[PDB]
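S.K.: My structure is stored as query.cif, with mmCIF, C-alpha atoms.
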```cif
data_work
#
loop_
_atom_site.group_PDB
_atom_site.id
_atom_site.type_symbol
_atom_site.label_atom_id
_atom_site.label_comp_id
_atom_site.auth_asym_id
_atom_site.auth_seq_id
_atom_site.Cartn_x
_atom_site.Cartn_y
_atom_site.Cartn_z
ATOM 1 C CA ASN A 239 193.226 103.960 132.526
ATOM 2 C CA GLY A 240 193.851 100.878 130.363
ATOM 3 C CA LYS A 241 191.250 100.226 127.693
ATOM 4 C CA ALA A 242 189.461 98.081 128.708
ATOM 5 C CA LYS A 243 188.210 95.003 130.528
ATOM 6 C CA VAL A 244 185.310 92.709 129.612
ATOM 7 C CA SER A 245 184.417 89.447 131.329
ATOM 8 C CA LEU A 246 182.169 86.644 130.123
ATOM 9 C CA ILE A 247 179.307 84.861 131.811
ATOM 10 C CA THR A 248 178.084 81.956 129.727
ATOM 11 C CA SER A 249 174.908 79.891 130.272
ATOM 12 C CA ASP A 250 176.153 78.504 133.608
ATOM 13 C CA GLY A 251 176.094 81.624 135.771
ATOM 14 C CA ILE A 252 179.798 81.572 136.711
ATOM 15 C CA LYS A 253 182.298 83.722 134.866
ATOM 16 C CA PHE A 254 184.861 82.537 132.337
ATOM 17 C CA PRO A 255 188.258 81.284 133.645
ATOM 18 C CA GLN A 256 189.778 84.595 132.525
ATOM 19 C CA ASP A 257 188.830 87.880 130.868
ATOM 20 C CA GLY A 258 190.278 90.340 128.439
ATOM 21 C CA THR A 259 190.165 93.437 126.364
ATOM 22 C CA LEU A 260 187.504 95.477 124.696
ATOM 23 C CA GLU A 261 189.622 95.993 121.599
ATOM 24 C CA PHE A 262 187.558 98.717 119.983
ATOM 25 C CA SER A 263 184.085 100.217 119.750
ATOM 26 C CA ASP A 264 182.337 100.477 116.401
ATOM 27 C CA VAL A 265 180.717 103.720 115.431
ATOM 28 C CA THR A 266 178.537 102.187 112.714
ATOM 29 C CA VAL A 267 175.234 101.592 114.399
ATOM 30 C CA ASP A 268 173.816 98.584 112.608
ATOM 31 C CA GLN A 269 170.761 99.498 110.587
ATOM 32 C CA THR A 270 168.437 96.694 111.618
ATOM 33 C CA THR A 271 169.550 96.228 115.202
ATOM 34 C CA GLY A 272 170.065 99.852 116.202
ATOM 35 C CA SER A 273 173.079 98.700 118.118
ATOM 36 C CA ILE A 274 176.821 99.289 118.405
ATOM 37 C CA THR A 275 178.993 96.213 118.001
ATOM 38 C CA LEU A 276 181.837 96.331 120.476
ATOM 39 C CA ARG A 277 184.536 93.758 119.853
ATOM 40 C CA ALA A 278 186.014 92.090 122.912
ATOM 41 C CA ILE A 279 189.181 90.049 122.363
ATOM 42 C CA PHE A 280 189.702 87.212 124.817
ATOM 43 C CA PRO A 281 192.500 84.745 125.407
ATOM 44 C CA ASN A 282 191.583 81.150 124.967
ATOM 45 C CA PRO A 283 194.402 78.661 125.647
ATOM 46 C CA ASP A 284 191.768 76.009 126.358
ATOM 47 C CA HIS A 285 189.314 76.070 123.393
ATOM 48 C CA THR A 286 186.440 76.390 125.848
ATOM 49 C CA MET A 287 185.245 79.343 123.836
ATOM 50 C CA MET A 288 183.442 78.494 120.688
ATOM 51 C CA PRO A 289 182.902 81.055 117.893
ATOM 52 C CA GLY A 290 179.225 81.856 118.269
ATOM 53 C CA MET A 291 177.703 81.095 121.655
ATOM 54 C CA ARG B 79 196.180 92.852 108.236
ATOM 55 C CA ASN B 80 198.276 95.799 109.211
ATOM 56 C CA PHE B 81 196.046 98.284 111.013
ATOM 57 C CA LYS B 82 194.598 98.451 114.509
ATOM 58 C CA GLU B 83 190.899 97.653 114.441
ATOM 59 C CA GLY B 84 188.697 100.590 115.320
ATOM 60 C CA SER B 85 191.475 103.172 115.079
ATOM 61 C CA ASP B 86 191.745 106.208 112.811
ATOM 62 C CA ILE B 87 193.510 105.725 109.490
ATOM 63 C CA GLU B 88 194.775 108.462 107.158
ATOM 64 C CA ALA B 89 194.479 108.213 103.351
ATOM 65 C CA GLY B 90 196.810 105.906 101.462
ATOM 66 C CA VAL B 91 198.054 104.262 104.655
ATOM 67 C CA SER B 92 198.960 100.872 103.226
ATOM 68 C CA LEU B 93 197.662 98.514 105.856
ATOM 69 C CA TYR B 94 196.329 95.463 104.070
ATOM 70 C CA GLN B 95 198.608 92.886 102.512
ATOM 71 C CA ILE B 96 196.928 91.164 99.642
ATOM 72 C CA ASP B 97 199.354 88.418 98.624
ATOM 73 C CA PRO B 98 201.769 90.127 96.222
ATOM 74 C CA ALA B 99 203.018 86.805 94.889
ATOM 75 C CA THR B 100 201.112 86.894 91.619
ATOM 76 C CA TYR B 101 201.305 90.655 91.294
ATOM 77 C CA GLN B 102 204.981 90.723 92.119
ATOM 78 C CA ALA B 103 205.526 88.483 89.111
ATOM 79 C CA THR B 104 203.433 90.626 86.784
ATOM 80 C CA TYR B 105 205.361 93.626 88.032
ATOM 81 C CA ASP B 106 208.643 91.820 87.390
ATOM 82 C CA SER B 107 207.528 90.812 83.912
ATOM 83 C CA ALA B 108 206.806 94.450 83.138
ATOM 84 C CA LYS B 109 209.915 95.750 84.898
ATOM 85 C CA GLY B 110 211.694 93.117 82.902
ATOM 86 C CA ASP B 111 210.178 94.427 79.687
ATOM 87 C CA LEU B 112 211.038 97.964 80.724
ATOM 88 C CA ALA B 113 214.676 96.911 80.628
ATOM 89 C CA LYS B 114 213.916 95.023 77.435
ATOM 90 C CA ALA B 115 212.766 98.315 75.989
ATOM 91 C CA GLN B 116 215.350 100.533 77.705
ATOM 92 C CA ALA B 117 218.288 98.450 76.523
ATOM 93 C CA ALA B 118 216.762 98.350 73.053
ATOM 94 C CA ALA B 119 216.381 102.122 73.275
ATOM 95 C CA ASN B 120 219.767 102.656 74.888
ATOM 96 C CA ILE B 121 221.480 101.454 71.744
ATOM 97 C CA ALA B 122 218.854 103.172 69.697
ATOM 98 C CA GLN B 123 220.028 106.277 71.538
ATOM 99 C CA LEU B 124 223.704 105.515 70.911
ATOM 100 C CA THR B 125 223.143 104.868 67.211
ATOM 101 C CA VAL B 126 221.859 108.406 66.991
ATOM 102 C CA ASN B 127 224.658 109.671 69.216
ATOM 103 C CA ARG B 128 227.053 107.779 66.962
ATOM 104 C CA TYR B 129 225.374 109.165 63.885
ATOM 105 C CA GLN B 130 224.771 112.730 65.057
ATOM 106 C CA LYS B 131 228.520 113.300 64.934
#
```
Write out the structure in this file as structure tokens.

M.R.:
Amino acid sequence: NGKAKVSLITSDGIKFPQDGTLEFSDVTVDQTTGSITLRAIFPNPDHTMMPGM
Amino acid sequence: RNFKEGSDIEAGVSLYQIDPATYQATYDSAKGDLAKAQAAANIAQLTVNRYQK
């Protein structure tokens, strides 16, 4: 009823200290991946996320 | 940015802000020179209105 919730699980095998929102869902399937790019927006007051993982 | 990502946007819905700061000045130069032409054509319009009589 509230769009949406996505959690992370990085290379450790334990989830991220918090979780957040699937902001939107693309409708452009990428040509050379055949794959929708969802965009999940996450809070990071710790800088333990790194753009590109 | 002034839209919501992934949403539906109608035509003409002004939701990016390119920095107006240069283009505000070029607009104010021209809207200056509009009043430079209007005032010079105001009194051009009076000097007919003062000669038509």

S.K.: With the cut-off set at 10 Å and counting all atoms listed in the file, tabulate each residue of chain B with an atom at most that distance from an atom of chain A, showing the nearest atom pair and its distance in Å to one decimal, ordered by chain and increasing number, as JSON lines.

M.R.:
```
{"residue": "B:82", "atom": "CA", "partner": "A:262", "partner_atom": "CA", "distance": 8.9}
{"residue": "B:83", "atom": "CA", "partner": "A:262", "partner_atom": "CA", "distance": 6.6}
{"residue": "B:84", "atom": "CA", "partner": "A:262", "partner_atom": "CA", "distance": 5.2}
{"residue": "B:85", "atom": "CA", "partner": "A:262", "partner_atom": "CA", "distance": 7.7}
```

S.K.: Separation of atom CA of residue 248 of chain A and atom CA of residue 286 of chain A, in Å?

M.R.: 10.8 Å

S.K.: Please write the residues picked by the PyMOL selection byres ((chain A and resi 282) around 12) on this file as a VMD selection string.

M.R.: chain A and resid 254 to 258 279 to 281 283 to 289

S.K.: Taking the file as I've supplied it (selection: the PyMOL selection byres ((chain B and resi 94) around 10)), which residues are included? Please answer as a PyMOL selection string.

M.R.: chain B and resi 79-81+91-93+95-97

S.K.: What is the distance, in Å and to one decimal place, between atom CA of residue 124 of chain B and atom CA of residue 112 of chain B?

M.R.: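 Distance between the two atoms: 17.7 Å.
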
S.K.: Could you state which residues are captured by the PyMOL selection byres ((chain A and resi 241) around 9) in this file, as a PyMOL selection string?

M.R.: chain A and resi 239-240+242-243+259-262

S.K.: For the selection you just gave me, I'd like the residues written to a file as a PDB file, in the coordinates of the input, keeping C-alpha atoms.

M.R.:
```pdb
ATOM      1  CA  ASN A 239     193.226 103.960 132.526  1.00  0.00           C
ATOM      2  CA  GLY A 240     193.851 100.878 130.363  1.00  0.00           C
ATOM      3  CA  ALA A 242     189.461  98.081 128.708  1.00  0.00           C
ATOM      4  CA  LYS A 243     188.210  95.003 130.528  1.00  0.00           C
ATOM      5  CA  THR A 259     190.165  93.437 126.364  1.00  0.00           C
ATOM      6  CA  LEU A 260     187.504  95.477 124.696  1.00  0.00           C
ATOM      7  CA  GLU A 261     189.622  95.993 121.599  1.00  0.00           C
ATOM      8  CA  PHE A 262     187.558  98.717 119.983  1.00  0.00           C
TER       9      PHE A 262
END
```

S.K.: Would you work out the distance separating atom CA of residue 105 of chain B from atom CA of residue 90 of chain B, expressed in Å to one decimal?

M.R.: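 Between atom CA of residue 105 of chain B and atom CA of residue 90 of chain B the gap is 20.1 Å.
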